[PDB]
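Notes for the one structure printed next.
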Amino acid sequence: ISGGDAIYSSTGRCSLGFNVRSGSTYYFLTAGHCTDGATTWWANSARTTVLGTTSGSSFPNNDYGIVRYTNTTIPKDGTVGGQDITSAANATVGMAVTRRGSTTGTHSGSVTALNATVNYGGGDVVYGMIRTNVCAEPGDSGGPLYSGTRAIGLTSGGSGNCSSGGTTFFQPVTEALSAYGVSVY
Amino acid sequence: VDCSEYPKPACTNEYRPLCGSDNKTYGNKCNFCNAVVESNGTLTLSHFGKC
């Protein structure tokens, strides 16, 4: 399973962001809003293939969570679809980036602004977000934003859609990596 | 679902679909409710889940 692939919780479907690890312990990052109140994750809508259980969840304010793998056999590719990821990097204005998610597949665009505040309502405000012109639609949450072999962010939310064009905000991945002490591979 | 606190300028992208009266499946409540506002309260909920 890789970055961009579907993940199911008890409540709905999100996208796996990146496969990360710490020592010999494998995990995957995804959106905090997806990990919030979820315990177990599965790889299929039937919930037959277990992935693992949530280990951390940071939403609102930030928007990242991490899930610890408990499935021993499922392959944990350090890629995004077939694309290799070798390091993580800070977003910059004008950077060309690509997103992959489980509903829309792969779409490209560029970083338009940094440190943006997105107010999802009811007190769910997230800060420090990367703004881009990439579209995203329901199901795409927590998928990767990358640039070449560099990991950059996790899909959070936005407006518009892929038919008409839209704006998507992403959580900087470096922050998540640092909070959990894990690294891409 | 109450769409009173809408519209919202942004929605998260998790998937928990609802079926609108226009027979379109909306990916999530926030997407749904913004469509309701956009139709000027003409769109209603048919049922939960995909259409």
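Numbers and lists here come from the model and the stated rules, or from a named source; no laboratory read-out is quoted. Using ideal geometry, Cβ is built from the backbone for each residue, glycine included, and neighbour counts are taken over all protein chains shown.
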request  = Using the structure shown, decide if A:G65 is outside the structural domain of A:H107 (by CATH) and either surrounded by fewer than 21 Cβ atoms within 10 Å (Cβ to Cβ) or in contact with a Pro (Cβ under 9 Å, 6 or more places away or on another chain) (or both).
outcome  = no
inquiry  = One residue is enough: does the range A:67-85 have a residue meeting the conditions within 13 Å of another protein chain (Cβ to nearest Cβ) and in a strand (DSSP E or B)?
reply    = no
inquiry  = For the range A:5-35, which positions are within 13 Å of chain B (Cβ to nearest Cβ), of a type in the set (G, A, S) and surrounded by fewer than 24 Cβ atoms within 10 Å (Cβ to Cβ)?
reply    = A:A6, A:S9, A:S10, A:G12
inquiry  = Could you go through the range A:115-126 and let me know if any residue there is within 11 Å of another protein chain (Cβ to nearest Cβ), aromatic (F, W, Y) and outside any strand (DSSP E or B).
reply    = yes
inquiry  = Name the single residue that is surrounded by the most Cβ atoms within 10 Å (Cβ to Cβ) among those in the range A:131-153 being in contact with a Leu (Cβ under 6 Å, 6 or more places away or on another chain) and assigned to a strand (DSSP E or B).
reply    = A:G153
Residues located in the range A:98-134, provided they are charged (D, E, K, R) and under 16 Å from the mean Cα position of the chain (by Cα) = A:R99, A:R100, A:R131
key: B:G27, sole failed condition from (1) surrounded by fewer than 16 Cβ atoms within 10 Å (Cβ to Cβ); (2) of a type in the set (G, A, S); (3) in contact (Cβ under 8 Å) with a residue 12 or more places away in the chain   = (1)
inquiry  = Quick check on my filter: what residues within the range A:60-77 are under 15 Å from the mean Cα position of the chain (by Cα), within 16 Å of A:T174 (Cα to Cα) and of a type outside the set (D, E, K, R)?
reply    = A:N62, A:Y64, A:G65, A:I66
message = When you check A:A46 against the structure, is it closer than 21 Å to A:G139 by Cβ, touching a strand residue (DSSP E or B) at 6+ places or on another chain (Cβ under 7 Å) and of a type in the set (A, V, I, L, M, F, W, C), yes or no?
response = no
task = For the range A:107-114, indicate whether the set of residues that are crowded, with 20+ Cβ neighbours inside 10 Å and in the same structural domain as A:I1 (by CATH) is non-empty.
result = no
key: Unique residue being closer than 29 Å to A:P144 by Cβ, within 11 Å of another protein chain (Cβ to nearest Cβ) and in contact (Cβ under 8 Å) with a residue 24 or more places away in the chain when the list is B:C11, B:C33   = B:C33
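For every residue, the table says whether it meets (1) of a type outside the set (S, T, Y); (2) without any contact (Cβ under 8 Å) to a residue 40 or more places away in the chain.
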| position | (1), (2) |
| --- | --- |
| A:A136 | yes, yes |
| A:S147 | no, no |
| A:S163 | no, yes |
| A:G166 | yes, yes |
| A:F169 | yes, no |
| A:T174 | no, no |
| A:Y180 | no, no |
remark   = For the range A:105-153, the count of residues that are basic (K, R) and farther than 14 Å from A:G166 by Cβ equals 1
request  = Those residues that are more than 14 Å from every other protein chain (Cβ to nearest Cβ) and closer than 15 Å to B:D2 by Cβ, I need them from the range B:36-51; list them, please.
outcome  = B:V36, B:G41, B:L43, B:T44, B:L45
task = Could you grab me the full set of residues in the range A:169-185 that are hydroxyl-bearing (S, T, Y) and part of a helix (DSSP H, G or I)?
result = A:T174, A:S178, A:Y180
remark   = (1) in a loop (DSSP other than H, G, I, E, B); (2) more than 14 Å from chain B (Cβ to nearest Cβ) all hold for A:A38 apart from (2)
